[PDB]
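A.B. asks: The structure under discussion is supplied below as structure tokens; questions concerning it will follow.
4 protein chains.
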Amino acid sequence: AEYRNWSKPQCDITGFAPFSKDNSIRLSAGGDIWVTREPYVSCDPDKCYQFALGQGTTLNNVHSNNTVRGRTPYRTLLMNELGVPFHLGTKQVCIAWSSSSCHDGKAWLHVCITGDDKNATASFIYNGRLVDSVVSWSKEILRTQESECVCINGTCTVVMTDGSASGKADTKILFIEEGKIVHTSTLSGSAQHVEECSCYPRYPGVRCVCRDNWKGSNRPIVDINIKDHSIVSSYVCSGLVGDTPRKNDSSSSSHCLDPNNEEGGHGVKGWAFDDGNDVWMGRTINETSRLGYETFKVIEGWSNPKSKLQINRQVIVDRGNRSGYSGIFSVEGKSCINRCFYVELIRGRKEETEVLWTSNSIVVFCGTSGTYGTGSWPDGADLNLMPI
Amino acid sequence: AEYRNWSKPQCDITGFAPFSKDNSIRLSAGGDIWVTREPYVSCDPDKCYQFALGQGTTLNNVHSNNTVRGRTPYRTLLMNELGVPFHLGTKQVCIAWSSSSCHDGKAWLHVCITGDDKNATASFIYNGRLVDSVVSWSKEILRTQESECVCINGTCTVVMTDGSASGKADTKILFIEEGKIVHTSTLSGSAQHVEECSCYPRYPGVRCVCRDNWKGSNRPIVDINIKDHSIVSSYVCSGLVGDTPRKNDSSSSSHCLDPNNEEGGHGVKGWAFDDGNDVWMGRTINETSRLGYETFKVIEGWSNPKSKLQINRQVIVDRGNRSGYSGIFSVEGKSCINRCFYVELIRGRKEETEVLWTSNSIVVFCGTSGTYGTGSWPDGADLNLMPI
Amino acid sequence: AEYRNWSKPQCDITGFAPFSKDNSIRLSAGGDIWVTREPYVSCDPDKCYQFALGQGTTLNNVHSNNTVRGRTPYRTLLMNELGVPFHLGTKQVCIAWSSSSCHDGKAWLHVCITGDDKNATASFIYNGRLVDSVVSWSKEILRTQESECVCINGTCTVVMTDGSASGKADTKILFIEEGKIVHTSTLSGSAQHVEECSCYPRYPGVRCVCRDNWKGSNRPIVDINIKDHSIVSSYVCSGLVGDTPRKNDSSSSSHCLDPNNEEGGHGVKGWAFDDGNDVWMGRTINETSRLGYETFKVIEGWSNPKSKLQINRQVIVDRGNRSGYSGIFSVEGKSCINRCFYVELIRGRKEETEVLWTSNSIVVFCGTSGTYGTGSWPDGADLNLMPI
Amino acid sequence: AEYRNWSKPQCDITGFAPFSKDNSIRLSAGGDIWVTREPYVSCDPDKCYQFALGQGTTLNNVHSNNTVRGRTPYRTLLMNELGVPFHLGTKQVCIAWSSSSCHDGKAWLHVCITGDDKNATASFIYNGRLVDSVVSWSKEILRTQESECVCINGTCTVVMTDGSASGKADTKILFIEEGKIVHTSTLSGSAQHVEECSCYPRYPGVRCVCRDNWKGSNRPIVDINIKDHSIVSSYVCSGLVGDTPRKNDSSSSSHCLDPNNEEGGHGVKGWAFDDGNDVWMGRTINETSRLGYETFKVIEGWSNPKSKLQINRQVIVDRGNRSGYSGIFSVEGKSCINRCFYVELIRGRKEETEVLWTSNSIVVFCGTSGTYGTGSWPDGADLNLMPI
Ligand SMILES: *[C@@H]1O[C@H](CO)[C@@H](O[C@@H]2O[C@H](CO)[C@@H](O[C@@H]3O[C@H](CO[C@H]4O[C@H](CO)[C@@H](O)[C@H](O)[C@@H]4O)[C@@H](O)[C@H](O[C@H]4O[C@H](CO)[C@@H](O)[C@H](O)[C@@H]4O)[C@@H]3O)[C@H](O)[C@H]2NC(C)=O)[C@H](O)[C@H]1NC(C)=O
Ligand SMILES: *[C@@H]1O[C@H](CO)[C@@H](O[C@@H]2O[C@H](CO)[C@@H](O[C@@H]3O[C@H](CO[C@H]4O[C@H](CO)[C@@H](O)[C@H](O)[C@@H]4O)[C@@H](O)[C@H](O[C@H]4O[C@H](CO)[C@@H](O)[C@H](O)[C@@H]4O)[C@@H]3O)[C@H](O)[C@H]2NC(C)=O)[C@H](O)[C@H]1NC(C)=O
Ligand SMILES: *[C@@H]1O[C@H](CO)[C@@H](O[C@@H]2O[C@H](CO)[C@@H](O[C@@H]3O[C@H](CO[C@H]4O[C@H](CO)[C@@H](O)[C@H](O)[C@@H]4O)[C@@H](O)[C@H](O[C@H]4O[C@H](CO)[C@@H](O)[C@H](O)[C@@H]4O)[C@@H]3O)[C@H](O)[C@H]2NC(C)=O)[C@H](O)[C@H]1NC(C)=O
Ligand SMILES: *[C@@H]1O[C@H](CO)[C@@H](O[C@@H]2O[C@H](CO)[C@@H](O[C@@H]3O[C@H](CO)[C@@H](O)[C@H](O[C@H]4O[C@H](CO)[C@@H](O)[C@H](O)[C@@H]4O)[C@@H]3O)[C@H](O)[C@H]2NC(C)=O)[C@H](O)[C@H]1NC(C)=O
Ligand SMILES: CC(=O)N[C@@H]1[C@@H](O)[C@H](O[C@@H]2O[C@H](CO)[C@H](O)[C@H](O[C@]3(C(=O)O)C[C@H](O)[C@@H](NC(C)=O)[C@H]([C@H](O)[C@H](O)CO)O3)[C@H]2O)[C@@H](CO)O[C@H]1O
Ligand SMILES: CC(=O)N[C@@H]1[C@@H](O[C@@H]2O[C@H](CO)[C@H](O)[C@H](O[C@]3(C(=O)O)C[C@H](O)[C@@H](NC(C)=O)[C@H]([C@H](O)[C@H](O)CO)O3)[C@H]2O)[C@H](O)[C@@H](CO)O[C@H]1O
Ligand SMILES: *[C@@H]1O[C@H](CO[C@@H]2O[C@@H](C)[C@@H](O)[C@@H](O)[C@@H]2O)[C@@H](O[C@@H]2O[C@H](CO)[C@@H](O)[C@H](O)[C@H]2NC(C)=O)[C@H](O)[C@H]1NC(C)=O
Ligand SMILES: CC(=O)N[C@H]1[C@H]([C@H](O)[C@H](O)CO)O[C@@](O[C@@H]2[C@@H](O)[C@H](O)O[C@H](CO)[C@@H]2O)(C(=O)O)C[C@@H]1O
Ligand SMILES: CC(=O)N[C@H]1[C@H]([C@H](O)[C@H](O)CO)O[C@@](O)(C(=O)O)C[C@@H]1O
Ligand SMILES: *[C@@H]1O[C@H](CO)[C@@H](O)[C@H](O)[C@H]1NC(C)=O
Ligand SMILES: *[C@@H]1O[C@H](CO)[C@@H](O)[C@H](O)[C@H]1NC(C)=O
Ligand SMILES: *[C@@H]1O[C@H](CO)[C@@H](O)[C@H](O)[C@H]1NC(C)=O
Ligand SMILES: *[C@@H]1O[C@H](CO)[C@@H](O)[C@H](O)[C@H]1NC(C)=O
Ligand SMILES: *[C@@H]1O[C@H](CO)[C@@H](O)[C@H](O)[C@H]1NC(C)=O
Ligand SMILES: [Ca+2]
Ligand SMILES: [Ca+2]
Ligand SMILES: [Ca+2]
Ligand SMILES: [Ca+2]
Ligand SMILES: [Ca+2]
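Residue numbers (PDB author numbering), protein chains in the order written: chain A, 82 to 469; chain D, 82 to 469; chain C, 82 to 469; chain B, 82 to 469.
Following this line, the structure appears as structure tokens:
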């Protein structure tokens, strides 16, 4: 077994093809399925896994009341092969209400944060054993990616944040080798608020498209040099913006250096990646709610902050149906590196009051250089008929 | 690890012996089993797997209401080792209301079709990753085999159809190397309507026996040259015919080149294979309805369209009991290649009104050169008593 | 991987130590567990498996009514690692209402019998594929061991009976190499009625202790020479006899060549093995019904029919609890071959009328050269409190 | 594969970081989960496993009534990968109402005790087969560690006690090679009563920290030489004592050689380990009953019986939440050996009257040389809402 270095060019991409769907909420009306949220996907050299943060409870269960709450001591990072729903034989790989995982070519790394809001601990679990940990540095909800980290030649990188949800905060980027934190760089550059980065290998470095919860409905970019540990940052230029909330298609604008100040407060986890000067991105369909999900290529959208010219739109989830978090993962092909993404499909409280719980299922697509059609793949559970 | 070539002679066959049975509906009356249809069987070099299209629901579940509908966003391809029923830890391997799978000797190929009726997408998954996709070419329900594809020297072959269920349609044969469509040939020869092919290796080529939903109750044959990508097609000569519906034994007839025009409308997925100039085949016992299942050898049935001489009949499922789709799969022995088949046992709507759902179980038999007796191995569930 | 020769002396045995218990009926009052009967145990070179004939239903399931019936089309052979109860993820390895299994050191052999009473088929499955099959020869309930077969240098042997349950019958010993029946020898010697053999390796051959359902409450012995395929047979000499029913300890007698003719009608699967000229054996404690279970050594019991001298008694299940079938299996140690045994703990109809079903659990013990104590390990379910 | 030697120094430890949590009871309110007690953790060279003593029943089950009882014939040792909850697919590796397990680098050893109180049997299973067994020597509840044993260069060691719970008893240390008891040493030195040892490797030997149920609220220590089989014993010097019950922080005292005589009767399994002259130790937070759990380091606590100087306190479970047993295991890093511990969270009878069963879940922490914060990780089940 060798270390991955992702030392191949990015595949041609013309759009995305369907890859996986777990139907978790529909199955939970007739079986024992975990309540989850904040799911993500990552793969070893042979095959993909789905992760999510459980709630220490199944759906048809009295302990699913009040599961809208994000941080409890019962929350654990769940791990199955992709397309195995989170049944009772699912492995909890650590204690976590915020997490990140990745495989370096030899073994798995997980970064798992739990404990008090004002004094959380991050544990670093590698090849099936604890190897390091850090405390919260700013004592305000230490939190990480909720998607995969990236590893090159044995060095893995992970973005972490501690501090305000609506003001300046303290973002750091960790470099980790066989579970050991070997370096800590601090966030530098134009990015003013950074959370829940979706990162990908872009040899010889790593790149991340994050969420700005403060003043931006445009999305922060973070660039990580894995050899000298240097960091630069900025925003996704595209006139069509990735966050939710945001302004509409006509009213919106963006900027390659600063946040845009356009209904910037709050946000959602999302993704984007470069293809020459064009940008591939996904976002919720609805501008102010987590309803629907779409992807498109914005022509000249990676370098020109005026560009509003999209092409190759696909509806993933129609605008009448719930979506949520989304993020990227990368898959090594024969000659190239592919990009794929997953979409969290949130159901229940507080937006849906027919049930006392909050949970999600997932749908997953992958880059293709071939051709594709249209459809819509929502959660599809009927909450009027769920547990009593 | 080497590619499969299937370059051994077909094994001597005197009939078929019991191999496997899943008892799925019976178990679902007291456990969490998937609602499914369109099952099949395929084996890696070491062992067999059972596949089926799920409905995104378990049976004892509110969402099983109306599972008679065949194409929904929630349909996924299920995959287990043969004999493990589709319980809640079953892996969904891709999004699909139509699919086909094969192992090339090194890894699994899956072909999965989902999306809108008039603009569906076929995904090609090899060795656990998306490698290609193709759009619907005629915008009328792109669909494929619902049984195993066939690989020789690392080239896998799949038959896909797009277009009318009751008229000329566009059928294509794809050639896939490590998930990648390297060539597309179009249907040629005298077969007029081709659907749901049961294919098998017949060195140095591949051979398929299909369903004609239009004018034929004899079954079409497609022959695939794997090296120069040429196609030829025709029909199974045999005067005892394989489709359902069809005419009775005294009234039926056939033709080696054209559809017989006898009760041709509609059909069922089925199988056949040659033995010198004889044919081994299976079919439902009833002519008009999907009731019972039987196999036999028709003497000179592969070359003589007037032969009605069967020997070695076995009853697999008795005629008072429901059957369904069936198809072929090939298993390599020490000196020779064997032939086996599965039979879908459909239960529930719309034919049975005791329940609101539609699902199946399966029974599987394999070629033998030994001896055997008689029995009947139906589904055996009691719908009068099932959940509610 | 190499074939097993079992070419090692038998380990020293002073008695038996507890090895495994699955609590299957106790667990089924609060979970989805298979209904079974006729369990057994066999091990590959690394680990042990539990097998049983399923009834195609779980316990808390309407289909469990009338599971007292021994032969239906829904019965399949279940296979789990020893100590994993038969839950929903359990593999049905073949269709069977009678079976035998063994590993030759390279792969598993399964001998599976299903079909009509008067025309049954025995399937032979080796390394995940059907290699052979044979018809019922006397057209009267073709039946086999219901415990492990034995393989030496790649030739496996198995005992099958077709014919009357209370008269002369046709018993055969088959020689199987990689699933292929290579030779068939017919029963010879003085054994008069032979059923359900518990066989074990005794280099350079195989020995079996079987059930006489006709005239003997002593048990038959069969010696198999694996090289010339010759067969000899007699009975277990011991004055304390192993079948149930039987006469009490003061009234009973035996014969080394003939059935004792003492309450010889009916029987139960049991086991014995030779230690020098003494015999280890188990049996039900109650002489007329399947209640309690016990093991002991009979001094000179293998070579003298007048000996009633037992030493080293162990109670496995106390005389107030239900027992059932029992059989042997052999485990290869560093320097020697150990002998172990399992016991079927039958619950339900007809003997108990508080429930409608009939199932079992199991308890397993192994040979030891060390020391041990006392106890009783019954089924332990409260039928008073089980599902209506 | 080579034998583990543990021939590396103990890692730097600044405290403990969160590792695993199973949420067992919370999940049992809406799924099929085993009732358990006396759990522990042990790892093979790749990964960790969780173990427990099942009550031969699930929680939502009539047979869960009165599971407060500690010894029945239905209790078995359960084994899953760490963080996979005890669902119905869980392996019962042996019959045991007391046990210990360990991996010698090549295969697993399990030591399992079952049978009559006055004549129990201990079985020794290695590489999936029974290799030896020994009887109760003093005919009074033969019992062992309830935590991992320790193996060096292929010699494994385990502590067993037989005799009174409130008087002198007979404690022995067994040396086991590939399952074979090769030597038996009797307890020697100044420790007066010894139960449930938490043992760890300390090259070239093994150290244990145990429970004195007779006259000490300070914990016994046992040192074990693996080459000459010698044994020395004493107590944990620390003026802050680890047993429950015990006297308060201000009133307590200890001694390096003899039991302190302070609320000595009864006890709780627990752990400690040495760091130079310091001791790392955990204990329940309440002095009298099993509530809360804490860890700290005592300065000079290992070698000075007067020190009451603690530092580096962590609450693991808060004072208002039930705790229970706890123990140590050890994990091999690149350069050093880490120490981890688990905590049993008991719920139900007799302390909690709302339900009829008695069961538990677990939380698990590992030594870290990095930094960490605060929190509390209780069981989290609401018993008033549990299956009544
Ligand atoms: C079968 O499936 C395929 C694949 O999904 C569909 O083809 C896609 O259709 C979509 C939607 O129309 C296309 O995305 C759109 O591209 C527009 C560009 O227009 C032209 O651009 C150049 C020339 O300027 C040409 O090359 C090109 O052919 C177009 O003529 C964008 O302007 C669109 O954005 C706007 O429309 C959407 C609504 O659709 C709004 O919501 C946006 O806000 C915005 O106003 C859009 O991005 C996509 O590129 C096509 N893909 C491919 C690969 O060809 C078929 O439509 C589908 N068929 C059926 C019958 O369903
Ligand atoms: C135990 O199990 C075995 C194996 O299944 C059974 O043997 C088979 O029995 C079937 C049914 O009779 C046989 O199939 C039939 O073959 C006929 C062939 O004609 C004769 O010619 C041969 C060769 O010359 C002779 O050996 C023999 O006399 C044959 O009879 C066909 O004519 C039959 O087709 C017609 O009958 C069926 C109804 O049975 C109709 O539905 C058809 O439409 C058609 O009119 C039929 O195909 C089979 O070949 C036998 N197999 C073998 C391997 O021997 C035993 O019968 C069974 N015993 C019991 C008691 O159950
Ligand atoms: C974020 O997370 C960290 C890590 O968990 C917390 O820091 C730990 O806090 C505990 C408790 O405050 C510390 O442990 C305590 O150590 C005391 C001695 O340390 C002080 O004094 C010595 C010598 O005099 C100095 O060298 C040293 O620097 C300290 O100033 C003990 O006295 C304590 O025991 C006593 O208090 C406890 C209650 O805490 C009682 O229950 C005992 O019975 C006893 O009376 C205690 O053991 C621990 O060392 C700290 N860890 C680290 C790594 O610093 C932070 O508190 C937390 N932040 C927030 C905001 O909550
Ligand atoms: C603790 O456990 C040990 C080991 O199990 C146990 O020792 C065993 O006790 C039995 C019962 O006495 C011994 O077996 C007997 O052997 C004598 C010959 O010496 C036989 O005559 C006995 O058979 C007669 O009695 C039986 C009733 O027990 C009748 O059922 C039978 O029909 C005969 O009439 C019997 O086989 C056995 O040899 C020892 N085993 C060893 C290894 O020593 C010990 O007794 C237990 N201690 C306690 C306090 O329970
Ligand atoms: C009692 C009450 O009503 N309190 C609300 C509280 O619910 C609410 O918090 C937000 O609630 C929504 C549910 O609609 C989500 O749960 C938010 O969580 C997420 C998000 O989806 O955006 C999920 C994620 O788990 C969070 N990460 C962590 C580590 O907690 C992120 C995270 O908070 C953001 O990235 C900012 O740091 O948010 C959750 O925030 C708030 C409104 O925000 O209001 C209270 O009054
Ligand atoms: C019905 C009744 O009242 N029984 C009493 C006995 O029960 C004891 O109850 C306590 C809790 O209150 C514990 O469960 C005792 O079990 C443990 C323990 O301390 O947790 C549980 C372990 O499984 C057990 N190990 C074995 C092998 O049995 C262990 C041992 O008993 C001791 O370590 C041996 O010294 O303790 C449970 O026994 C109680 O035994 C008795 C007082 O001793 O009082 C009874 O009335
Ligand atoms: C089972 O379903 C029927 C049919 O419902 C439709 O088809 C399904 C695929 C599902 O997705 C439904 O939403 C569709 O409406 C139900 O009968 C219909 O119910 C609706 C709403 O109550 C009503 O307006 C229509 O009249 C009904 N349609 C027909 C053809 O009868 C029915 O309620 C379901 N059965 C149960 C027990 O829930
Ligand atoms: C293959 C088969 O049916 N095996 C039976 C076995 C045989 O009947 C016997 O060895 C043949 O002589 O015996 C057992 O089953 C019994 C039935 O045969 C009997 O008719 O009814 C009994 C009702 O309690 C009982 O079920 C047996 O002795 O337990 C079982 C086995 O499946
Ligand atoms: C993709 C798809 O819908 N396939 C369906 C086919 C096609 O309709 C026919 O081959 C005609 O096109 O027919 C069925 O309902 C059937 O006969 O049982 C089931 C199956 O789901
Ligand atoms: C978008 O919404 C805002 C409302 O504040 C408004 O400026 C603008 O008219 C809207 N644009 C369109 C196209 O409706
Ligand atoms: C977005 O979602 C809200 C929530 O129901 C809806 O009312 C609103 O009209 C939607 N807006 C658009 C433009 O679809
Ligand atoms: C076959 O069907 C025709 C009706 O079209 C009928 O005349 C004939 O009797 C049928 N044959 C049999 C054997 O039922
Ligand atoms: C400790 O316990 C004793 C019990 O007699 C008591 O006198 C003392 O006050 C207690 N001290 C504290 C600090 O609780
Ligand atoms: C220990 O537990 C009991 C439970 O009733 C409680 O009353 C007592 O106060 C606790 N001890 C301390 C020091 O709080
Ligand atoms: Ca249930
Ligand atoms: Ca924002
Ligand atoms: Ca037709
Ligand atoms: Ca008899
Ligand atoms: Ca004590």
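For every residue, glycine included, the Cβ atom is placed at its ideal position computed from N, Cα and C.
Give the interface partners of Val165 (chain C) over in chain B, defined as CB-CB distance under 8 angstroms, in chain order.
C.D. replies: For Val165 (chain C), the neighbours in chain B by C-beta distance under 8 angstroms run, in chain order, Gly170, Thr171, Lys172, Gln173.
A.B. asks: Starting from residue 78 (chain B), find everything on chain A with Cβ-Cβ shorter than 7 angstroms and list it in chain order.
C.D. replies: A question about residue 78 (chain B) goes unanswered here, because the residues of chain B that appear run from 82 up to 469.
A.B. asks: Does the distance between the C-beta of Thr434 (chain A) and the nearest non-hydrogen atom of ligand 11 fall short of 7 angstroms?
C.D. replies: Relative to ligand 11, even the nearest heavy atom lies 7 angstroms or more away from the CB of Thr434 (chain A).
A.B. asks: Taking the alpha carbon of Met160 (chain C) as the point to measure from, which residue in C:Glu277, C:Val436, C:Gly170, C:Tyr284 has its own alpha carbon closest?
C.D. replies: The option with the nearest alpha carbon to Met160 (chain C) is C:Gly170.
A.B. asks: Which residues, in chain order, sit with a beta-carbon under 5 angstroms away from any heavy atom of ligand 8?
C.D. replies: Cβ atoms closer than 5 angstroms to ligand 8 belong to C:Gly151, C:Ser179, C:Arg224, C:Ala246, C:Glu276, C:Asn294.
A.B. asks: Checking contacts by CB at 8 angstroms: is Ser217 (chain C) closer than that to chain D?
C.D. replies: yes
A.B. asks: With a Cβ-Cβ cutoff of 8 angstroms, do residue 557 (chain C) and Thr202 (chain B) count as a contact?
C.D. replies: For chain C, the structure presents residues 82 to 469; residue 557 (chain C) sits outside this window and is missing.
A.B. asks: Give me, in chain order, the residues of the same chain whose beta-carbon lies closer than 6 angstroms to that of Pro459 (chain C); leave out the 5 immediate sequence neighbours on both sides.
C.D. replies: Correct list, in chain order: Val398, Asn402.
A.B. asks: Do you know offhand how far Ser404 (chain A)'s Cα is from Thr365 (chain A)'s?
C.D. replies: 7 angstroms
A.B. asks: Between which two residues does the beta strand (DSSP E) carrying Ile206 (chain D) extend?
C.D. replies: 202–207
A.B. asks: Could you name the residues of chain D that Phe205 (chain A) contacts, counting a contact when the two beta carbons are closer than 9 angstroms?
C.D. replies: Chain D residues near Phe205 (chain A): none, gap ~27 angstroms exceeds 9 angstroms.
A.B. asks: Pop quiz: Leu140 (chain A) and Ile114 (chain A) are said to be a contact at Cβ under 8 angstroms. What is the actual Cβ separation, rounded to whole angstroms?
C.D. replies: 5 angstroms
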